[PDB]
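Student: part one of the complex, untouched from its place in the assembly:
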Amino acid sequence: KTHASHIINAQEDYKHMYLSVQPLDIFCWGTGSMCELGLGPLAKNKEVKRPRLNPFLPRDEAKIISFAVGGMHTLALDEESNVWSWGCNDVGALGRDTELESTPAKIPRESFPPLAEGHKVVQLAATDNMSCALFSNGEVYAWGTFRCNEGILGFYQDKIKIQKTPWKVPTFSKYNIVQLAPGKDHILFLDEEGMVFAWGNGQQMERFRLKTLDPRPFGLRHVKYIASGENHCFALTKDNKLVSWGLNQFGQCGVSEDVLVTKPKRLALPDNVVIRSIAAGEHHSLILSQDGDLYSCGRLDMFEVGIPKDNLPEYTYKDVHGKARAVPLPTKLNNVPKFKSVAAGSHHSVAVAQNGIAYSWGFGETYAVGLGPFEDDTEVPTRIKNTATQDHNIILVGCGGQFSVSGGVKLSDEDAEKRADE
Amino acid sequence: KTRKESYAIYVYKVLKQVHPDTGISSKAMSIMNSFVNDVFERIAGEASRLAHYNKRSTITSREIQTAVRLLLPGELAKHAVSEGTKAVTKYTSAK
Amino acid sequence: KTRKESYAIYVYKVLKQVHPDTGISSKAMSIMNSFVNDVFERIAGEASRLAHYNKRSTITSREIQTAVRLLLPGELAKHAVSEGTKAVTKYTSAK
Amino acid sequence: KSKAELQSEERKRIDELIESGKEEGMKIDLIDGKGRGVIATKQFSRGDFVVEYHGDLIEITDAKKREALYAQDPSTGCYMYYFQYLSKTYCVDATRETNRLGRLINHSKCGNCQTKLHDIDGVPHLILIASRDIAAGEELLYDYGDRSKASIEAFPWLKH
Amino acid sequence: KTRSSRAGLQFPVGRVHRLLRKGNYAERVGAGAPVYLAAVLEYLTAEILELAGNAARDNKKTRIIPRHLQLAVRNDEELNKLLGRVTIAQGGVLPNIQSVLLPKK
Amino acid sequence: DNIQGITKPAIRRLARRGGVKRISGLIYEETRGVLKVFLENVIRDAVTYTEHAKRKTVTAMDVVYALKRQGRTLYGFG
Amino acid sequence: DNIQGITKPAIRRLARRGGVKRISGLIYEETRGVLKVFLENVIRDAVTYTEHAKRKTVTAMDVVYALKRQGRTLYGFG
C-alpha cells in the first residue's frame, strides 16, 4: 500500500462546489442562437431580455441536481442520475442523435456503463465543444470534440476525431481523478495524488503533428483545486500555493505587473487568506476568499471587470494615450455583497450572493446579465430580482458564451420572513 | 580554466518548453550537443558553398534557409522552414 | 565575356612532361579540371578544419600536407608527400 | 464521412473479401459461342466488389511461359492475366482448373466489370469491380485488354 | 535588448551570429542568417526533444536515456534519414526480426 | 509516358554493362521505378539549387553540384 | 593476442544485436578480421589526426573527428 500514504485531495472534499440537496428548478438567460437556451425549436423562445424557468425541465419531473455551463453545450446530471443535453449538436456536443437539439432530453443509461455497475457522476464538464464525466469509481467518461488553435477537429489524438457517442477514457494516472476543469478546448483533470493532468491542446506544453490529445500530465506538485477558464488556467498546491499558467494577453493569470505564461506563477497573498473558489473566461478571471471578499483580474475593454470608471485600481493597464485597457491586479472592492460561489463566461460574470441574490457584472448586450432590454454593458454588478427568482433562493450559477444558466427553488418564509431586511 | 561554451544550458532550456518534467542523461546531454554540432555544421556549408556557386560574399538568410530546405528532410523542412519564417518575421518586428 | 580561369592550359602543360605525344579529348580535358576541382576542394577542408581543431587562424603547409597525407591513399600519399617536400625545399631555396 | 474514411472502409471490405475468397451472387452457365460464362444470381450495385481474378502469381515471363507450353497444347484455354504491379510485370495465371469464378468471366469492351490492381501489404491482387448496376441473370463481363492484331485475327470476339 | 528575445527563439541567436562570423562559413553573414538558422536549429532541437519526451515517458518514467533518444530518431521516418549517416552512442537497435526468423507451426 | 521511356533494349543495355547474364521478367520495369526513384531524388534537389539562384533555365553545374551533394560527384562537365 | 580478444560470446553478442539467428563456424573470427579491418582503417587516420597537433596522448575528439571523416560520425562525446 505505497499509494495509500500519498492521496491529498478527495471526491468528498470537492462535493461543496457541484452537487446540492433539494431538486432545484433550472433557469436560463441571453441569446441562445445555437438552440442552447433549451426553449424548444421556437424562434420566439430564443430571445430573452431577463430570467425564466424551464417548461420541459420541471424541478420535480426531471430532478435537476447538477448542471453544466458552456458556450454551445448545456448539460446536467441528476441524483438518479441522468444525462440531460441542451447544446449545439454539431461537434457531437449533445452526445446523442437528434429541433430536438433545443429540447432538453436525458441521454440513455446504456451509453455509460458505470451507472450499470454502482457509481454516479461527480461533476459535468463542458468545454467549447468537449464533454467528459469524472465518474466516482475512477474512470472518466467523454463526449464531443475540441476546436483547435488552427481550427479543426480532434477527439483522441488520431484514433478519434468527433466523439458524439459517449465513451469512457482509458487509464491516465493510477490515482483516481478527483475533480475536473472546463473552458476552451482545454480539459485539465486532477489526480488523487495531486498530479495536474491535461488533455486537448492547452495552447494559449508545446508540440506539433498531433499525438498530444489523449494524454495526460504534467506540471504542478500536489494541487487541490484545478480551476480552468477559457484561455486562462488556475492551480493551487496543497502547500498553500497560488499558480496560473495560460494566455496572459490581458493579465488573465494575475502574475504580471506589466500587461504568455511559460511556467506557472500567479498570486501574492498578504498576511493570510483561504480561496473558497475560483473561475474565469477568455479575458475575465476571478477567485473568491473564505471570508467573503473577492479577488478577480481581467481586461477593462469589454467591461469584463465590474469596476465602473470611478473604482479603477492604481496597478491597471492603459492604452498609449487612451482609455483603461486591463486590470491584472486582484481585488474584491468595498461596495460588494457576501458572494458565496461563482460562475464565468467570455465576459459575462454571473456571481451568486449569500442570500441567493444575482449580480451580473459583465457584457449584457446579448442579455447574458439578464436585466431586461438594454444594449449597454454592466459596468458593475446588477442586483437581479424579477417575478420568477426574486424570492427564489439561487443555488448553482453558470455562464457560457452568450448565456447564463440560472436555477434553484422557490423560497419560503425563511427567505422573505428572515431576509425581509432592506 | 578555458570557458567551454556548451549548448548545455540552451539544450536544457528548449527541453522545458517541449516537456517540463524532466529529463535527460549525461551521455545523452552530450548527444544533444552533437545534434546541434552536425546541423550547425552541415547547414553552414550548403550555406557557404551556396554563396560561392551564387557569387555573393555574405551569407544572408537568402542562403541559410535555401540550404535549410535543401538540407532538411521533406515534412520537417517545411516545418522549420515555417519556424524560421516565424523567427524571421519576429526579428524584423522588434523595437 | 567574363574570363573563365580554367586549368586547361595548366592541365595541358603537365601532360607534356609525363607524355609528349599527345594527347587528350574535349570531354576528358574537362574531366581533368574536375580531378583538379575535387582535390583542390577536398584538400582545402581537411586543411580548413585542421586549423579549427588545432586552433590556428592561418593555413600553413603545416596543415596542407597533414591533410595531404590524411587525404591521399597509401603509397600515393608518400609520393606526393615527397613531391611537396621537394617543391617545399625548392621554394625556400629561391633567390 | 470524408474521402479518406470511405476509401479505408472500401479497402477493409475488399481485404476481407480477398481473404475469405467468397464468390457469392455468382454461378457458372454455358454461354452461346463462348464456352463457360459467369452470370449474376443477385443484383450487384455500381462500385461493388464482384470477385478476385484468382490463380498462380508470378513475374513477367513468370506468367508468359506456360504460354509457350500452352501454345504446344491448344485445348487449355488462354487464362493468363498480365499487369504492371509497381514497375514489374506481375500477373495471375489461372490456367489450372479450380472452383474460383474470376478465371471463367467472359470478354466485352462495354461490359459490366473493370479490372483493377488492389495492393495488400506489398502483394498485388487483381480484383473485378462492377462498372455499373449488374442485373440478376445477366452475364458478368470485362475488357480483356488484348486488342493486338495477332490475337484479334485468331478470335474476332475480342474486338466487340 | 537580446536578439533572441526580439525574434523569440530560445537557443542564443547572438551566439549564432557570433559562431557564424569566426566559424569561417563565409566573409559576411546577415543578422537574420543567424536568426533563421537559430530557428532552423531550435525547430529541430524541439521537434527532436519531444519525440524522446513522449517515448521516454512511455518506456521509462521521466528522464531520457540515450537509447531512448535514438529509440525515437530511428522511428521518425523523416529524422531516420537526417540521422541516417550518424551513430548516436549507447543507442542499440530499435528491434526487428525477419519474418523467416520467428516461430513456425 | 516517361517511365515507359526507359525501354527494354536499354535497361538490358545498361544491365549488360555490368555483366548481367540474364534479366528476369519482373526485373525490367523495376529498373524504371528505380530510375524514376534516382531521377526523382536528383532533379528535385537540383531544381531546388536552380531556385536558390532564381534561374528559369536550369544549369548543368546545378545538376552537377547537386549530383555531388547527393553523393556521386560526377566528373567532366562542371 | 588482440584479435583473440574479440571473443565468441561477444561477436555473438554483437551479432544477436542485429537479430543474427545463428552464427556459422567460420563466421566468428571473420568478425575479428573485419573488426581488425575496421579498427585498422580508423585508429590510423585518428593517430594521424593526433600527429597533426603533436599530442602523445590521443584525444577523444580526435577519435571522433576521425570517426566522422571516415563516414560514420558518432554522436555523444565530441
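Tutor: Right, received. Where do you want to start? Numbers count the residues shown, from 1 in each chain, chains lettered A, B, ... in the order given.
Student: around chain G, pick out the residues from chain B.
Tutor: For chain B, the residues in contact with chain G (C-beta under 8 Å from any C-beta of the partner chain) are B:27, B:28, B:30, B:31, B:33, B:34, B:35, B:37, B:38. C-beta: built from backbone N, CA, C; applies to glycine.
Student: among these, the buried ones, what's the PyMOL command?
Tutor: Restricted to buried positions by 16 or more other C-beta atoms under 10 Å in any protein chain shown, the PyMOL selection for the residues of chain B next to chain G reads:
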select buried, chain B and resi 27+28+30+31+33+34+35+37+38
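Student: the residues of chain B next to chain G in helices, which ones?
Tutor: B:27, B:28, B:30, B:31, B:33, B:34, B:35, B:37, B:38 (DSSP state H).
Student: which pair of these spans the longest distance?
Tutor: Of all pairs drawn from those, the one with the longest distance (C-beta to C-beta) is B:27 and B:38, at 16.8 Å.
Student: circling back: mind putting the ones in helices among the residues of chain B next to chain G in a markdown table, distance to residue A:101 included?
Tutor: What follows is those, written out as a markdown table (distance: C-beta to C-beta, whole Å):
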| residue | distance to residue A:101 |
| --- | --- |
| B:27 | 58 |
| B:28 | 53 |
| B:30 | 59 |
| B:31 | 55 |
| B:33 | 57 |
| B:34 | 58 |
| B:35 | 52 |
| B:37 | 59 |
| B:38 | 57 |
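Student: buried residues, the lengthiest helix in chain E. List them.
Tutor: Using DSSP H to define each element, chain E has its longest helix at helix E:32-59. Neighbour counts over helix E:32-59 (16+ other C-beta under 10 Å) mark E:32-57 as buried.
Student: what residues are up against the residue of chain F found nearest chain B?
Tutor: Per C-beta to the nearest C-beta, residue F:52 is where chain F lies closest to chain B, at 3.7 Å. By C-beta atoms under 8 Å, 6 or more residues apart in numbering or on different chains, the contact list for residue F:52 reads B:50, B:54, B:62, B:63, B:66, B:67, B:70.
Student: out of the residues you listed, which is most surrounded?
Tutor: residue B:63 (29 neighbours; other C-beta atoms under 10 Å in any protein chain shown).
Student: extend the structure above with chain H:
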Amino acid sequence: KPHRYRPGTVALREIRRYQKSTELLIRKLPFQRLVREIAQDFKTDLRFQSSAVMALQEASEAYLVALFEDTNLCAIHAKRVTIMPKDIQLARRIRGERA
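Tutor: Let me add chain H to what's already shown:
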C-alpha cells in the same frame, strides 16, 4: 527428459535480450589490448584517453551491430536462416568496403 528449449527459441530470445540492451557487448579490458595493439603499427609509444578509448569501441561495436544486421539479409536472401562466412563478405561489396 529434464527441462529443455527446442533449438532456436533460446537464441531467438538472445535477439529479444541483446536487441533490448544499451550494454556494450564485448569486454573493455580485452579491447584496450586490441586498441593498444593497432596503436603500435601506427605510432610506437603512445597514450590515449580512456574516454576516447570507449568511443573507438563504441563505433566499431556499433558498426559491427549493423554490419552483422545488414549481414542477416545476406543469408536471409540466400534461402538461409544461419549466417556463414560468404554472407559476411557479400555485404562488404554492396557497401564497397572491398569491391
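Student: and the longest helix of chain E with chain A, contact?
Tutor: Yes - residues of helix E:32-59 are located near chain A by C-beta under 8 Å from any C-beta, namely E:46, E:47, E:50, E:54.
Student: list the beta-bridge partners for residue A:350.
Tutor: Beta bridges link residue A:350 to residue A:343, residue A:360 when assigned by DSSP bridges.
Student: give me every residue in chain B lying close to chain D.
Tutor: Counting by C-beta under 8 Å from any C-beta, no residue of chain B is near chain D.
Student: residue H:18 touches residue H:25, doesn't it?
Tutor: Yes - counting by C-beta atoms under 8 Å, residue H:18 touches residue H:25, with 6.6 Å between them.
Student: comparing the two, which shows the higher neighbour count?
Tutor: residue H:18 (24 against 19).
Student: how close does that one sit to residue H:68?
Tutor: Note on residue H:18: its distance to residue H:68, by C-beta to C-beta, to the nearest Å, is 11 Å.
Student: in chain E, what residue comes closest to chain G?
Tutor: For chain E, C-beta to the nearest C-beta, closest residue to chain G: residue E:89, 3.4 Å.
Student: helices of chain F, start to end?
Tutor: Going by DSSP H, chain F shows helices at F:8-16, F:27-51, F:60-70.
Student: what about the longest one and chain D, touching?
Tutor: Yes - against chain D, helix F:27-51 shows contacts by C-beta under 8 Å from any C-beta at F:27, F:28, F:29, F:30, F:31, F:32, F:33, F:34, F:36.
Student: wait, which of the residues you listed is closest to residue A:192?
Tutor: Nearest to residue A:192 among those, counting by C-beta to C-beta, is residue F:33 at 56.9 Å.
Student: so what's the residue lying closest to the closest one once chain neighbours are set aside up against?
Tutor: In space, and not counting its chain neighbours, residue F:33 is closest to residue D:87: 3.2 Å by C-beta to C-beta, 6 or more residues apart in numbering or on different chains. Taking C-beta under 8 Å, 6+ apart, we find residue D:87 in contact with F:3, F:29, F:30, F:31, F:32, F:33, F:34, F:36.
Student: how much space between the nearest residue to residue D:134 once chain neighbours are set aside and residue D:136?
Tutor: Distances taken as C-beta to C-beta, 6+ apart put residue D:44 closest to residue D:134, at 4.0 Å, once the chain neighbours are dropped. In this structure, residue D:44 and residue D:136 are 9 Å apart, going by C-beta to C-beta.
Student: now for DNA strand I, put it on the one above:
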DNA sequence: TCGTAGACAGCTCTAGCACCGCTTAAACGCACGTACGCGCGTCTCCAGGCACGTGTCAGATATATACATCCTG
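Tutor: Okay, here's DNA strand I dropped in alongside the others:
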C-alpha cells in the same frame, strides 16, 4: 614595413599507467540431438554564460511477486 600569430621555454596539475589480490561472472569445453545446410571595423558598457558548489529525486537496485510462454508423455 609592421601588426601579430607562432615558436618556445617555463610551469600547474589533470589524468593516464602500473599495480594486484579476489569474488565470480563469464569464457571455455564437451556430450547429446534436432533443426537446418546442402545436393538431388572599433571603443565602451555590462549582463548573458560558465565554472563552482550543493541538495535530492530520478533511477539503479533487489528481493518478490505474478505472468506469458514453450514443450514432452
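Student: just the C-alphas of the helix or strand that the longest helix of chain E is followed by, formatted as CSV.
Tutor: Later in the chain than helix E:32-59, the nearest helix or strand by DSSP states H and E is helix E:66-73. Extracted in CSV, the C-alpha atoms of helix E:66-73 (Å, rounded to 0.1, in the frame of the first residue of the first chain):
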residue,chain,number,x,y,z
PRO,E,66,20.5,7.9,-24.8
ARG,E,67,18.9,4.6,-26.0
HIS,E,68,15.6,6.5,-25.5
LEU,E,69,16.7,9.5,-27.6
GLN,E,70,17.8,7.3,-30.6
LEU,E,71,14.9,5.0,-29.8
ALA,E,72,13.0,8.0,-31.1
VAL,E,73,15.2,9.0,-34.1
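Student: not counting helix E:66-73 itself, show me its contacts.
Tutor: B:25, B:27-28, B:31-32, E:48, E:51-52, E:54-56, E:59-60, E:79-80, E:82-83, E:88-92, E:94, G:76, H:22.
Student: tell me the helix or strand right after that helix.
Tutor: Counting by DSSP H and E, what follows helix E:66-73 is helix E:77-82.
Student: touching chain B at all, that following helix?
Tutor: Yes - contact of helix E:77-82 with chain B (C-beta under 8 Å from any C-beta) involves E:78, E:79, E:81, E:82.
Student: so which elements touch the helix or strand just after that helix?
Tutor: Scanning forward in sequence from helix E:77-82 by DSSP H and E, the next helix or strand is strand E:87-88. Contacts defined by 3 or more C-beta pairs under 8 Å, 6 or more residues apart in numbering or on different chains; DSSP states H and E place strand E:87-88 against helix E:66-73, strand G:74-75, helix H:50-76.
Student: now chain F against chain D: closest residue?
Tutor: For chain F, C-beta to the nearest C-beta, closest residue to chain D: residue F:25, 2.7 Å.
Student: now chain E
Tutor: For chain E and chain D, the shortest gap (C-beta to the nearest C-beta) falls at residue E:99, measuring 11.3 Å.
Student: could you check how far that residue is from chain H?
Tutor: 9 Å (C-beta to the nearest C-beta, to the nearest Å).
Student: element containing that residue?
Tutor: Per DSSP H and E: residue E:99 is located in neither a helix nor a strand.
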